[PDB]
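Here the Cβ positions follow ideal geometry from the backbone for every residue, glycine too, while neighbour counts run over all protein chains shown. What follows is calculated from the coordinates using simple rules that are stated; it is not laboratory data.
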Amino acid sequence: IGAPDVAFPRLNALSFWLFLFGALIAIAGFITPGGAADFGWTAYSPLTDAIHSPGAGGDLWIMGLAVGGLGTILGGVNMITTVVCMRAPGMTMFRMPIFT
Amino acid sequence: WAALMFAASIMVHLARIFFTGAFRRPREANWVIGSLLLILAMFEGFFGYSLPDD
Amino acid sequence: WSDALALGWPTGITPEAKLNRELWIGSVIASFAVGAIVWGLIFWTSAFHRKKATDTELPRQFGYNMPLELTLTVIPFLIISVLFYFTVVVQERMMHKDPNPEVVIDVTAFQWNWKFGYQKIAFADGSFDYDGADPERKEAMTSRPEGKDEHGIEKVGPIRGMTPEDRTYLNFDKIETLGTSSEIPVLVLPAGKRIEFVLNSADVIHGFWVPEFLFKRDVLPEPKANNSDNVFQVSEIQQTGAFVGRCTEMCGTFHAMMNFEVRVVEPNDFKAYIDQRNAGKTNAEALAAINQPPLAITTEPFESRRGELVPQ
Amino acid sequence: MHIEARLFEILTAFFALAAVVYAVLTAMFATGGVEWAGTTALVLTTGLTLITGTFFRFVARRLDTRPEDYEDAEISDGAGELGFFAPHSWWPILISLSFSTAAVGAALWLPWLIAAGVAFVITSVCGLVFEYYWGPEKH
Amino acid sequence: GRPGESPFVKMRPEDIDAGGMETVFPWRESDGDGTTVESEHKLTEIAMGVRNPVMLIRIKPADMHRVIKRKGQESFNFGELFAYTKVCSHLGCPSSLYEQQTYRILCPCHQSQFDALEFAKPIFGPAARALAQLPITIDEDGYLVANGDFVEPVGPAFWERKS
Amino acid sequence: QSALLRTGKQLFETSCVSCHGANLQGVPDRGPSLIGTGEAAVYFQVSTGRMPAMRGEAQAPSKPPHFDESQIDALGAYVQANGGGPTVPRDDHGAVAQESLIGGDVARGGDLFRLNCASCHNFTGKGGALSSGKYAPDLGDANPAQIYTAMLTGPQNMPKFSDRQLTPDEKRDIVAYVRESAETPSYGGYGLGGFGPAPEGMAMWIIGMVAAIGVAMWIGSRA
Amino acid sequence: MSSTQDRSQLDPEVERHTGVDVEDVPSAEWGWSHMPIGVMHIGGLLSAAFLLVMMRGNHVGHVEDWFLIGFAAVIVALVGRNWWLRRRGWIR
Amino acid sequence: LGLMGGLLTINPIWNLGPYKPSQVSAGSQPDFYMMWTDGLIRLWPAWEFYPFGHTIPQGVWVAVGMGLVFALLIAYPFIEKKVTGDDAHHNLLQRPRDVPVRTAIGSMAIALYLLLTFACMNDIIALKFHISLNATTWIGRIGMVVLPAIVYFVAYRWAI
Amino acid sequence: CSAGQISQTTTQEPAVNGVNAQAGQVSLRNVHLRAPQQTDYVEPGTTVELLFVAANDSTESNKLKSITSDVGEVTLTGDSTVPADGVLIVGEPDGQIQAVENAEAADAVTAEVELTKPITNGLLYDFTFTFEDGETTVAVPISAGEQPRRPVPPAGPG
Ligand code: HEA
Ligand SMILES: CC(C)=CCC/C(C)=C/CC/C(C)=C/CC/C(C)=C/CC/C(C)=C/CC/C(C)=C/CC/C(C)=C/CC/C(C)=C/CC/C(C)=C/CC1=C(C)C(=O)c2ccccc2C1=O
Ligand SMILES: CC(C)=CCC/C(C)=C/CC/C(C)=C/CC/C(C)=C/CC/C(C)=C\CC/C(C)=C/CC/C(C)=C/CC/C(C)=C/CC/C(C)=C/CC1=C(C)C(=O)c2ccccc2C1=O
Ligand SMILES: CCCCCCCCCCCCCCCC(=O)O[C@H](COC(=O)CCCCCCC[C@@H](C)CCCCCCCCC)COP(=O)(O)O[C@H]1[C@H](O)[C@H](O)[C@H](O)[C@@H](O)[C@@H]1O
Ligand SMILES: CCCCCCCCCCCCCCCC(=O)O[C@H](COC(=O)CCCCCCC[C@@H](C)CCCCCCCCC)COP(=O)(O)O[C@H]1[C@H](O)[C@H](O)[C@H](O)[C@@H](O)[C@@H]1O
Ligand SMILES: CCCCCCCC/C=C\CCCCCCCC(=O)OC[C@H](COP(=O)(O)OCCN)OC(=O)CCCCCCCCCCCCCCC
Ligand code: HEC
Ligand code: HEC
Ligand SMILES: *C[C@@H](COC(=O)CCCCCCCCCCCCCCC)OC(=O)CCCCCCCC[C@@H](C)CCCCCCCC
Ligand SMILES: *C(=O)CCCCCCCCCCCCCCC
Ligand code: FES
């Protein structure tokens, strides 16, 4: 879009790091003796309750996904703001290429 | 708590002087005694919570 | 050709299964036709190489074709509309809700195994004044006079005044075909009859699939409170014999162990089996006494051992 | 700010339509009426688009055509002082680590770790927010 | 743990049930209850004896075939009862922790694991020498009595050891 | 009771037959035999929620109970009828006795705890780590009956303290000490868990050191 | 605008001629900036040897030995890559 | 210190019964300044030697460890001046970044100290953070050789 | 992978005094001996009850329970063929309850043994259980079900 940087570049750095560490904590389910999240990726409800899959792997999965999701939300805020505000003098929003 | 702070602050001071190079030519002896001093503190701490037979 | 062009669907054993198979054949025909034309287009444009004989003359640079894009955005709407109509008509023939099922099997499916209750038998020809037990459905309403506090709270219960550990939704029957971890539960059904399945889950949501039915459902813990139509009817089962069934959800760790069987027999054979099950006899004994294998013949309750390298 | 506004009003219109049709077709033709989960989600994603589009339309009416919103705009038209764009900062990684500490204290039920992570998050967010405002030390 | 009187009472094999561990001490007939002044000091000596404490563990019968013995200690176990010193063979902390269904005598000072089924030899952690096994049997009246002293010194190792 | 046994059988046939055979004999390498475990074992194991275990791992963790008190009693009575074993203590009314299980003596209960329980749990009933993926959970949550039944039946890697090792008097004494330690406020400010050296050192290095260094940065200059 | 340039006369003492250079380490003169590569490689080999020898101990399990083997192999591979590149002149 | 002495509980000995050779606790750590000693005990792989009729217990190792540790702490400036050769009267401090090698060495030493200290707490770490005790012990065992190297490399590059 | 194929929880014997013998088609669970002893042993000639639960693993049967005798001349009073995909409970282990006052087939196959040999609790004694499918040696232990510890005489300091 002809911009020098992203809208909130400290924010996108924060998004990257929030992702990295959220993914790390989610994956850290494996080092635990019980192991990582045994419920499917979709993680349907009763199988995810403390009764079923009581191990700390499920909790780590949940919290790591929460952290990564916060990073993703911040990244989305940054990218939408960059596209709407930061743009080249001639780059009309119907002249920005399709990847943007 | 003061014993714990004594130990921790000795460690922080040692790290400060080590990383800043305050132990060089003029003040090796200081370092040395400080090291001894730290060691003593550690042992006294051990003899401190060991005093109340627990 | 159909079996090969069915992409490995087991030829159904129920009218609904057969009609679903026909829909699958038609849908695969349409999808393969679309894929073939699109692959033809892709490979034929791949014939547009940068021939060295071409000098510095860039292509037509056309882009932005209105009529062609309108045509190719209208036509897919037509294909999906026809597919949707066929889908709706076929789907209509999947939950018919016949109020007089020939047999009502209560498929209560608990963690890592199943159980079938034979809730009711009602043959149109006239027989089987049979019914399930249902004295066993007891609630857990914690409507105690008082809680921890001296007075006042008189707490009734967490959910709708009852406890989560209520299990009232589960319905129990006289002839339970429970399966153990070392014994595959074999559901005996009569051929040529309307069989309803009332689906329930004791512990955790999971799946009930009989691949030869070309249909499946999710046994949820409490479908009524989840706005789920757990029960489903099958108009007929022509083919007899044994057919595997599998848990098609996530039960838990031993989720692949949930395999069960459905052994559809003749109506007279079913009558004999139910007669010998009313009298105290295991499922295996009843099946054997009708001159049929006692154990599951499509599947086996394979090793409870955690694996091959476990030291016994 | 008109094109990116119209985008969000189009999205808002579609989401409102989808929520309304879902509510109407679930309140009847469904086992338990309105699903109350998909319906509310559709309503409040309609609200999401509505808030963003309303703000964008407000700003667009408040703003004369920008060069970026103007066809046939020369690069020299937009040339000039762009705003502050934060240079290097190590506070984002500290905020991420603080939130990770709080998250592990939540997953592993360690109330002490949750409290420590919350304190770390407040400290790191203060550092980031104050990073480019902390005046020089006065001695 | 009665307050002073009869802190030590004779023991019977039936008391320990399969998969059960109890700390036991060398109580003599002369070291009677702590009622008198002469006693209550012998008993204090028994309690404060560093190497005095032992743990008696009843190996489950189903696990009996898994037991691996130590040369010269093949008969130290009285049936399914095994007496092993509580004092860790590493730095002399008590090895109090006991895990049944895995038969792991764990020392928490430095997290050292000895296999109780096999002679109490260290299968994890700093410890390198097996816990000393106390010979045991039952005397007249069916009370559990040591069948002799440890064949080896029982505390943590030192220079003048293993000769 | 006949109806109690019927209900226990109903609940058993659809919650645990997979782990334990329909005849309560353990399925190989899935679950152990419940013959002789007793009503006390069932009560402690299911009231703590451990038994709908839902996985085979190093240590089955505690989780919300999957059955209510009446259903707990039904399962326990079913198991008691099948094999016959330890039974959960009960008071005059018939409910699981919890108040009555608090032994009067605590110093003797404290000695019993330190000699037997603290070995792996803690000085003050907190948790402790075990060999490989195992641990001893905190005793704060367990009610008097649960502590008593845990002593009376060693669940897994717990020594089983029969009624002869710890007579009902000693078991009630230990229960009293456990409850007193769990509910007793930490005299001298917020008790950092129960482990002394580790939380104490961590709190030093965080609170005291961050405060001291921040105050030094405030007083001092940078250059 | 509230700042002034600083200059420092620091007693310089080897004659900082063999080893590191300011281009590689911008503050070479200001203090110890060179650790010989020989001590690198020797220490890496010693680390790998220590990892292997810890396979000998009191542990019935073997996941632990496999992790030790993997880490020591990684260290040996890193040291070998560095040594080969240094010998050839940082090529490939 | 007064606020801590009030609001924070330190060494609640009353919860800790009088010492008996038989009674035990699972935690069993010393104050944080000896946790490095305890962790060095835990992580050192049970290596003993048996001369002619004599035993050299694994505990001996830690003593030697302390020696070396202290022998290296007390003597460090002399090793620094012998290696670097700085024998000049230094009155101006050096920013840690300006001495990448010494900063890396100090970061390595701090990393080893932290690893040992947390190894002493591997019991509690496993209890609270669900990690198998053997896994924590072996993490520390591999770390006391690997983590110092990684920390040295990272600190060197960071200083530069 | 602490929860791999070799997991601690799955491979656990029940915390019961009786041993478990899975040999043969039938499974023997909680086999033990009720034999209260007031001295070093229980003298020869005193009847001791033999408890166990026999479960038929397969539904296809080994309900015979032929002899199950060893040194001691095991006797199965009221012997019956109970096992059919179910449980054969020979006796009434301490804590065992009775659903109704009346007992079907009188005693539910109580197994008693005349020792003819001293035995003390804490030992392993081989009892060869014989079935039409096969035979199994179990080494039955001695269990004190619910009896509280007897009063040890007070000690006289010397
Ligand atoms: C982006 C998403 C994505 C991608 C790329 C893949 C890629 C692959 N997936 Fe995918 N898969 C899913 C998403 C994905 N999958 C999801 C969402 C499910 C359902 C999950 C659920 O049910 O919960 C699933 C389920 C799934 C299953 C079913 C498992 C089950 O539930 O029983 C299987 C079975 O074979 C499978 C196989 C594969 C294979 C063989 C690949 C290949 O393409 C993978 C390519 C492999 C590699 C690139 C590895 C090679 C690299 C190395 C050897 C170097 C390693 C070195 C280090 C790590 C240091 N996948
Ligand atoms: C020898 C050795 C060190 C072996 C390894 C043991 C060990 C330390 C393992 C790591 C522990 C962790 C971090 C578990 C969480 C799961 C995990 C590993 C996730 C992946 C790790 C990773 C790199 C994630 C990316 C982002 C990141 C860095 C996350 C770290 C998360 C954490 C825990 C940050 C804070 C660090 C921290 C405070 C750790 C605990 C340290 C100690 C000893 C605390 C002691 C302590 C205790 C134990 C109390 O109970 C307590 C109760 C009440 C008040 C106070 C305390 C208290 O201070
Ligand atoms: C230590 C050093 C700079 C050595 C230089 C090179 C040298 C002389 C090498 C030879 C000596 C050898 C053989 C060293 C290897 C191992 C070693 C250091 C042994 C000696 C151990 C000893 C007597 C002293 C080391 C202590 C030390 C200097 C620690 C670092 C101090 C600093 C600057 C810490 C950061 C400042 C700060 C804000 C700290 C608070 C924030 C936190 C939580 C930091 C991490 C942290 C710490 C630091 C704890 O001590 C701790 C204790 C108990 C529970 C938890 C924690 C914890 O989380
Ligand atoms: C300058 C110093 C300022 C210090 C602040 C002082 C705060 C004073 C608090 C109020 C007065 C003293 C309370 C004493 C009563 C008391 O002790 O407080 C417990 C709480 O304890 C917890 O749980 C933790 C709860 C989380 C909130 C407190 C966290 C404060 C931390 C963050 C401050 C220290 C710094 C640590 C930082 C570490 C981070 C490292 C990055 C509360 O009961 P409870 O919750 O039920 O404890 C369970 C028994 O019940 C049950 O049996 C038992 O078995 C257990 O389960 C027990 O937890
Ligand atoms: C500051 C500290 C930084 C850490 C420094 C050290 C970094 C080096 C890491 C070295 C990793 C080595 C992992 C190997 C470990 C190992 O060898 O043990 C295994 C268990 O593998 C595992 O978990 C893998 C664990 C890998 C995780 C390492 C992750 C790094 C973390 C710790 C970093 C975060 C640091 C945050 C610090 C906070 C700030 C500090 C100020 C098996 O044990 P076990 O459990 O008994 O399994 C039995 C079988 O044996 C048996 O066959 C089978 O039959 C079964 O029975 C089974 O039970
Ligand atoms: C990437 C490909 C890596 C390889 C991927 C394969 C993964 C498969 C691993 C486990 C599957 C579950 C089985 C779990 C059961 C354990 C296996 C077993 O059954 O073997 C018996 C003994 C104890 O049995 P024992 O009778 O008491 O003692 C015996 C008496 N002498 O375990 C053992 O040997 C343990 C051997 C297990 C294999 C080692 C896995 C660790 C590899 C880590 C590599 C990372 C490298 C790091 C790089 C920096
Ligand atoms: C999955 C496998 C299950 C299921 C669904 C149930 N149990 Fe059982 N059980 C299982 C294991 C791996 C163990 C040993 C380790 C542990 O308990 O976590 C047990 C043990 C028991 C015990 C303890 C016996 C004793 O201590 O002597 C009891 C009383 C018990 N199990 C009963 C029980 C009940 C009542 C269940 C349904 C509510 C049940 N289990 C389910 C494995 C599994
Ligand atoms: C390490 C050996 C060991 C000793 C000795 C021991 N425990 Fe335990 N304890 C454990 C383990 C392991 C568990 C986990 C039980 C489970 O997973 O089912 C446990 C669980 C418990 C529980 C259950 C609490 C809960 O919330 O689930 C209580 C209560 C308890 N122990 C109290 C005691 C008492 C009282 C004693 C002294 C008679 C004692 N323990 C001795 C290891 C031990
Ligand atoms: C059961 C056996 C078998 O395990 C396997 O087969 C897979 C083994 C994978 C190799 C694991 C290597 C560990 C690398 C450590 C990362 C460097 C740390 C140094 C810096 C602190 O093994 C087991 O017992 C369980 C194996 C489970 C493996 C899970 C690994 C999960 C790692 C997770 C905790 C996050 C690590 C942080 C990495 C950060 C990288 C970017 C900075
Ligand atoms: C232990 O109880 C859990 C065993 C889990 C088995 C599956 C192993 C998958 C490993 C994935 C890789 C982890 C991250 C690697 C980073 C270097
Ligand atoms: S004190 Fe027992 S292992 Fe060291």
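Going through the range G:24-38 one residue at a time, which ones are more than 7 Å from chain H (Cβ to nearest Cβ), within 12 Å of the chain's Cα centre (by Cα) and either surrounded by 16 or more Cβ atoms within 10 Å (Cβ to Cβ) or under 14 Å from G:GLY80 (Cα atoms) (or both)?
G:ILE37, G:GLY38
Can you name the number of the only condition in (1) touching a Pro at 6+ places or on another chain (Cβ under 7 Å); (2) within 11 Å of chain G (Cβ to nearest Cβ) that H:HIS130 fails?
(2)
Are any residues in the range A:37-55 under 20 Å from H:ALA135 (Cβ atoms) and more than 7 Å from every other protein chain (Cβ to nearest Cβ), and if so, which ones?
Within the range A:37-55, just A:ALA37 meets the criteria.
Does at least one position in the range D:85-108 carry a residue that is away from ligand 3 (no atom under 16 Å from the Cβ), more than 9 Å from chain A (Cβ to nearest Cβ) and of a type in the set (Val, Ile, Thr)?
no
Name the single residue, out of those in the range E:123-134 being within 12 Å of chain F (Cβ to nearest Cβ) and assigned to a strand (DSSP E or B), that is farthest from G:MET54 (Cα to Cα).
E:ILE123
What is the number of the single condition among (1) facing chain H (nearest Cβ under 7 Å); (2) among the hydrophobic types (A, V, I, L, M, F, W, C); (3) farther than 23 Å from H:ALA159 by Cβ that B:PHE19 does not meet?
Result: B:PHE19 passes all but (3).
Name the pairs: first residue in the range F:170-191 and facing chain H (nearest Cβ under 7 Å), second residue in a helix (DSSP H, G or I) and among the basic types (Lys, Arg), Cβ to Cβ under 8 Å, at least 6 apart or on different chains?
Close Cβ pairs satisfying both conditions: none exist.
When C:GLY147 is evaluated against the numbered criteria (1) loosely packed, with under 11 Cβ neighbours inside 10 Å; (2) over 28 Å from the mean Cα position of the chain (by Cα); (3) small (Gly, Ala, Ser), which criterion, by number, is the only one it fails?
(1)
Could you list all residues from the range C:213-230 that are in a helix (DSSP H, G or I) and surrounded by fewer than 20 Cβ atoms within 10 Å (Cβ to Cβ)?
Selection gives C:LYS224, C:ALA225, C:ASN226.
List pairs: first in the range I:1-12 and more than 7 Å from chain F (Cβ to nearest Cβ) and farther than 24 Å from A:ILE27 by Cβ, second surrounded by fewer than 22 Cβ atoms within 10 Å (Cβ to Cβ) and of a type in the set (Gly, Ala, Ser), Cβ under 8 Å, 6+ apart or cross-chain?
none
Name the single residue that is nearest to ligand 9 (Cβ to nearest atom) among those in the range F:17-54 being facing chain I (nearest Cβ under 8 Å) and part of a helix (DSSP H, G or I).
F:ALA41
Could you please find all residues in the range D:1-53 being touching an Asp or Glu at 6+ places or on another chain (Cβ under 8 Å), surrounded by 13 or more Cβ atoms within 10 Å (Cβ to Cβ) and not in a helix (DSSP H, G or I)?
Residues satisfying the conditions are D:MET1, D:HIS2.
Only residues that are closer than 25 Å to F:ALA211 by Cβ and surrounded by fewer than 15 Cβ atoms within 10 Å (Cβ to Cβ): list them for the range B:13-36, please.
Answer for the range B:13-36, where residues must be closer than 25 Å to F:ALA211 by Cβ and surrounded by fewer than 15 Cβ atoms within 10 Å (Cβ to Cβ): B:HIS13, B:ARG16.
Taking the range C:228-253 as the region of interest, how many residues are closer than 27 Å to A:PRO54 by Cα and away from ligand 6 (no atom under 16 Å from the Cβ)?
Qualifying residue count, the range C:228-253: 8.
Which one is farthest from F:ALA150 (Cα to Cα), of the residues in the range E:1-24 that are buried (at least 18 other Cβ atoms within 10 Å of the Cβ) and more than 10 Å from chain I (Cβ to nearest Cβ)?
The extreme case among them is E:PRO7.
Here's the yes/no breakdown for (1) more than 16 Å from ligand 1 (Cβ to nearest atom); (2) in contact with a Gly (Cβ under 8 Å, 6 or more places away or on another chain):
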| position | (1), (2) |
| --- | --- |
| A:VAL6 | yes, no |
| A:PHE16 | yes, yes |
| A:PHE19 | no, yes |
| A:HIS52 | no, yes |
| A:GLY71 | yes, yes |
| A:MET91 | yes, yes |
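For the range F:86-186, please list each of the helices (runs of 4 or more DSSP H) lying entirely inside it that holds at least 2 residues being more than 13 Å from the chain's Cα centre (by Cα).
Counting at least 2 such residues, we get F:107-112, F:168-183.
If only one of I:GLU92, I:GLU104, I:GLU146, I:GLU112 is within 11 Å of the chain's Cα centre (by Cα) and in a loop (DSSP other than H, G, I, E, B), which one is it?
Matching residue, one of I:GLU92, I:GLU104, I:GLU146, I:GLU112: I:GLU92.
With (1) closer than 23 Å to C:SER181 by Cα; (2) surrounded by 24 or more Cβ atoms within 10 Å (Cβ to Cβ) as the list, and F:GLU39 as the residue in question, which single condition is left unmet?
Status for F:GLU39: all satisfied but (1).
Answer with yes or no whether F:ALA211 is over 30 Å from E:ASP115 (Cβ atoms), away from chain A (no Cβ under 14 Å), near ligand 4 (Cβ under 10 Å from one of its atoms) and in a helix (DSSP H, G or I).
For F:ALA211, the condition - over 30 Å from E:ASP115 (Cβ atoms), away from chain A (no Cβ under 14 Å), near ligand 4 (Cβ under 10 Å from one of its atoms) and in a helix (DSSP H, G or I) - is met.
So for the range I:121-140 (the condition being part of a loop (DSSP other than H, G, I, E, B), among the acidic types (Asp, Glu) and over 25 Å from E:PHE78 (Cα atoms)), does at least one residue qualify?
Within the range I:121-140 (the criterion being part of a loop (DSSP other than H, G, I, E, B), among the acidic types (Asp, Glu) and over 25 Å from E:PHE78 (Cα atoms)), the answer is yes, since at least one residue qualifies.
So, F:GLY109, is that one closer than 30 Å to A:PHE30 by Cα and within 14 Å of chain E (Cβ to nearest Cβ) or not?
Spelling it out, it is not the case that F:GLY109 is closer than 30 Å to A:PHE30 by Cα and within 14 Å of chain E (Cβ to nearest Cβ).
Could you say which residue among A:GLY34, A:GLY58 is more than 8 Å from every other protein chain (Cβ to nearest Cβ) and surrounded by 18 or more Cβ atoms within 10 Å (Cβ to Cβ)?
Exactly one residue qualifies, and that residue is A:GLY58.
In the range H:104-120, is there at least one residue being surrounded by 20 or more Cβ atoms within 10 Å (Cβ to Cβ), within 9 Å of chain G (Cβ to nearest Cβ) and within 8 Å of ligand 3 (Cβ to nearest atom)?
Looking through the range H:104-120, at least one residue is surrounded by 20 or more Cβ atoms within 10 Å (Cβ to Cβ), within 9 Å of chain G (Cβ to nearest Cβ) and within 8 Å of ligand 3 (Cβ to nearest atom).
When the residues of the range G:63-81 are narrowed to those that are closer than 25 Å to H:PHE49 by Cα and within 16 Å of ligand 2 (Cβ to nearest atom), which ends up nearest to the other protein chains (Cβ to nearest Cβ)?
G:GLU64
Looking at the range A:65-83, can you tell me whether even one residue there is more than 30 Å from H:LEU127 (Cβ to Cβ), of a type outside the set (A, V, I, L, M, F, W, C), away from ligand 10 (no atom under 16 Å from the Cβ) and within 7 Å of another protein chain (Cβ to nearest Cβ)?
Looking through the range A:65-83, none of the residues is more than 30 Å from H:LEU127 (Cβ to Cβ), of a type outside the set (A, V, I, L, M, F, W, C), away from ligand 10 (no atom under 16 Å from the Cβ) and within 7 Å of another protein chain (Cβ to nearest Cβ).
Take the residues in the range E:135-146 that are in a loop (DSSP other than H, G, I, E, B) and closer than 14 Å to E:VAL24 by Cα, then tell me which one is nearest to ligand 3 (Cβ to nearest atom).
Among those residues, the one meeting the criterion is E:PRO135.
Could you list, in sequence order, the residues of the range G:45-62 that are more than 7 Å from every other protein chain (Cβ to nearest Cβ) and either within 10 Å of ligand 5 (Cβ to nearest atom) or buried (at least 21 other Cβ atoms within 10 Å of the Cβ) (or both)?
G:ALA48, G:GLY61, G:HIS62
From the list E:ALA132, E:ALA128, E:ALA157, which one is under 14 Å from the mean Cα position of the chain (by Cα), of a type outside the set (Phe, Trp, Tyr) and away from ligand 5 (no atom under 16 Å from the Cβ)?
E:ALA132
I need the full set of residues from the range E:84-114 which are within 17 Å of E:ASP63 (Cβ to Cβ) and more than 8 Å from every other protein chain (Cβ to nearest Cβ), in order please.
The answer is E:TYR84, E:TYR103, E:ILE105, E:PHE114.
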